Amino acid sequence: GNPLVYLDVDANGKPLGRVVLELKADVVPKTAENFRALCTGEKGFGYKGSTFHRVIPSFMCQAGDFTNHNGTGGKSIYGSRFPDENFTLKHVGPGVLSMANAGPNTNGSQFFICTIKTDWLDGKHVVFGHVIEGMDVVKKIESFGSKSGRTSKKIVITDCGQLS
């Protein structure tokens, strides 16, 4: 019942590989549907050709600001922002897919993939999926990050979509 979506990612134009994500529509259907639709681009906008703007090694890889490309932008398929659906899923370890926000009830399109357990975020960021394959691709993305979050190469989602 849960969608599988994919991100194909490159660094300075050179392909890194494919990340496949399960979206937990069974637990957070509104939040899963937002991410799913932004991967397909079927509302006329989405993640295709946007960047991972903030990458911090031993923490997470953040992306999804397709409007401003600096982490101050992005929007949902519902409107500019939508409520925190629930906090049932937890930041249990590497590969967890969660929503970036600017406080309670400010979910747009920005998201992050954890490269460690980020349990401090539990109850503050809505977890809505995890990495099914391509965690080696996430580590490659991670390697181009820095402690400050600034990336050493331009990391781009060159293509994305839905597998099932």
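Numbering starts at 1 and follows the sequence shown.
Taking only CA atoms, the mean B-factor in the PDB entry is higher for 50-58 than for the other of 27-35 and 50-58. For the pair 36-44 and 94-102, the mean B factor over Cα atoms is greater in 36-44. When the CA B factors of the chain's modelled residues are split into thirds, the value for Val126 lands in the lowest one. Remark: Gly108 belongs to the lowest third of its chain, ranked by C-alpha B-factor as recorded.
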